[PDB]
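Take a look at this single chain in structure tokens; it is the form deposited in one PDB entry.
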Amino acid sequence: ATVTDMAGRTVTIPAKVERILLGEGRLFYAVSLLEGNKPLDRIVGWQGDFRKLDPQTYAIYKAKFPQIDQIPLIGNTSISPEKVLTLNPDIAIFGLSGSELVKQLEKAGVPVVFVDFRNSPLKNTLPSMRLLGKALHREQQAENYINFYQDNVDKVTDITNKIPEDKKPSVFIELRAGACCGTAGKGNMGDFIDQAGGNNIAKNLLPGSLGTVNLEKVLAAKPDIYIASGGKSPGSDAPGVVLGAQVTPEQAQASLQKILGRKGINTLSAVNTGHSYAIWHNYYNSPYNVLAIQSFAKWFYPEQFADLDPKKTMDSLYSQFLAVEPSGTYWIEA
């Protein structure tokens, strides 16, 4: 009847939950692990980020669940309402930031539950999933995913927790690489570099999980490994790495060569020797991020993780927890 969410708030959990509001649409990723073969049946409204900013994954779901388009889009605009109480929701899910709708929902006695996959994903990913298991009456499903997640993160931290600091390769990840050089320090994808045995150039070169750092000159740190994140669609014309549910290995590869073609970056040692990589950006706010930890690791220590196939982890994730087929490309090499 009560949970403590990742904001420390105490929240009563109604006995019946069938109408879920998503205050950030891409919280569908977390919900989708709990919902089995009926991923949309309980979403009565979401903020539009998932439909508009991950159109590739959305389209995969549309092809199988056409009713996805009628799920109302919460916003002020394109958006379909912004007075959610008329959806009579049982519960609402938000991510921690790093607001007004939340206070209004409290007044009406709607339980608002805060999760977090973005600020401190190492600390918060599994507590957020167990929290959602409790608040949405999917405890066994949450625990199932937690064991799958823990077992697949163990496959990595079993090896990289015993690696000396001098052997750790230096790593710079460029977030949203196309706008230079925004990154993550103590947190967000920094956690994934930490878990995967790497040394993040910006690990304390900024006091926070997300931020932007000085341009590519500070990449005279000669990182052993280069990593760019993006989730643009093919033919987008808008600059950025091209990854997602509808991207081919070749289409991903052509976008990475071009991002590695920019000035300065094409002088880095990791670029001209084949140590450059691209990762799906939505791993930065999603409990699927285990796939990015495993991808980082296999890149950082190839010989030591040569038995570890992240595509096989992903196939097993979809097989066990999701209603759609794995498609597209979410990481790529150079």
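A residue's number is simply how far along the shown sequence it sits, counting from 1. Rigid core here is just the name for the largest C-alpha set that superposes within 1.5 Å across the two forms.
Going from residue 159 to residue 160, you skip over nothing: the modelled chain follows the deposited sequence without a break. A chain break between residue 249 and residue 250 is not present, all residues of the deposited sequence in that interval being modelled. The deposited model assigns a higher average Cα B-factor to 305-313 than to the other stretch when 34-42 and 305-313 are compared. Stretch comparison (101-109 versus 129-137) by mean CA B-factor in the PDB entry places 101-109 on top. You'll see in the entry that, of 260, 73, 146, 243, the Cα B factor peaks at 260. Within the selection 290, 53, 271, 27, the deposited Cα B-factor values reach their highest point at 271. Residue 265: CA B factor lies in the highest third for its chain, per the PDB record.
Among the modelled residues of the chain, residue 295 sits in the middle third by CA temperature factor in this PDB entry.
Ranked by C-alpha B-factor against the other modelled residues of its chain, residue 117 falls in the lowest third. Split the chain's modelled residues into thirds by C-alpha temperature factor. Residue 86 is in the lowest one.
When the CA B factors of the chain's modelled residues are split into thirds, the value for residue 93 lands in the lowest one.
There is also a form deposited in another entry; it is not shown, and the following applies to it.
Looking at 216, 194, 90, 174 after a core superposition between this form and the one not shown, you find that only 216 has a C-alpha shift of 2 Å or more. The pair residue 254 and residue 216 separates in the other entry: their C-alpha atoms are at least 3 Å more distant from each other than in the form depicted. Whereas the displayed form keeps them at a certain spacing, the CA atoms of residue 25 and residue 84 lie at least 3 angstroms farther apart in the other entry.
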